[PDB]
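Have a look below at one chain only, the form deposited in one PDB entry, in C-alpha cells format.
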C-alpha cells in the first residue's frame, strides 16, 4: 500500500516525505507525475536515464536537503550519458561541501518536463472546514499576486471546474500568444484527486504540487511536497 510510505516516514520520526516518495504517493492516487527512478550509483543513474529517456534531471535525495537548488543539488536538461555522469559526481560534491553532515538516500533520475503553463495545486487543512484544495497559476500569479481559489474537499466536478474558472489568471489556460489551450479536464481531475488525498489521509497536514505543468493533452506534477502531522 502507498500508505506504507507515510507509515515509514512516521516510524523514522520524519515530518515530510522525500521527493520520490511524494511522487510515488500521489501517482498511486492517479495524479500524473514526472517519470522517476532512485539511483544509488553513478552506474544505476546512466541505466535509469536511458530507460526514462533523455533529457533527464538529477536531484539529490536527502532528509537534510530541503532546498536542493540552494545547495547545487539539482542538474537539469542532461541529454547524454556523459552529461549524466558529470552531473552525478558534481551533485555529490556540491552537497558534500555545503552539507557534509548529510544522509544521502541516493540521487533521483527524473524526466525533463518540457515547457508549458505552470500551475499550483495545494492541499491545506482549515480549522473550520478541514481539508481544502487550493488552485492557482504558477510563478508570480500565486507567489506575488496571491491569485488562488479554494474549495473545501471532497470536490465535485462542479467544484473543480468553477474553481479553475474563478482565478484571475484563468485565461492563461484557454490559449494566448504563443501558447495553445491546455487540458482543463486533466486539471479538474487532479484537483479532485488532491481533495481525495486530503480527505482520506489524516496524517497529511499539507501538500503542495508545484510546479505542475499543463499541456494541450494532460498535466505533469514536477515537484511535490507532503508534510505530515
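Each form is matched to the other, and the largest set of C-alpha atoms that superpose within 1.5 Å is called the rigid core. Numbering follows the first chain given and starts at 1.
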**OP:** With reference to the PDB entry, specify whether the mean Cα temperature factor is higher for 183-191 or for 51-59.
**Re:** 51-59
Original post:
Taking the recorded C-alpha temperature factors, which stretch has the higher mean, 60-68 or 156-164?
Top reply: 60-68
**OP:** Please work out which residue in 149, 80, 132, 128 has the highest C-alpha B-factor recorded for this crystal structure.
**Re:** 80
**OP:** Compare the CA B factors listed in the entry for 87, 117, 123, 142 and report the winner.
**Re:** 87
**OP:** Report the third (lowest, middle or highest) to which the CA temperature factor of residue 202 belongs, ranking only the modelled residues of the same chain.
**Re:** middle
**OP:** Classify residue 173 as lowest, middle or highest third according to the C-alpha B-factor given in the PDB entry, relative to its own chain.
**Re:** lowest
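There is another form of this protein, the form deposited in another entry, and it is not shown here; the text below is about that form.
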Subject >> Rigid core superposition between this form and the one not shown: residue from 124, 153, 113, 142 with Cα shift of 2 Å or more >> reply: 142
**OP:** Note yes or no: does the Cα of residue 27 move by 2 Å or more between this form and the one not shown after the core is superposed?
**Re:** no
**OP:** For residue 64, decide whether the Cα shift between this form and the one not shown is 2 Å or greater, given a superposition on the rigid core.
**Re:** yes
Subject >> Residue shift check between this form and the one not shown, rigid core fit, residue 89 Cα at least 2 Å >> reply: no
**OP:** Note whether the distance between the C-alpha atoms of residue 141 and residue 163 decreases (closer) or increases (farther) in the other form, against the displayed form; the change is 3 Å or more.
**Re:** farther
Original post:
Given that the CA-CA distance for residue 139 and residue 34 shifts by 3 Å or more in the other form, does it become closer or farther?
Top reply: closer
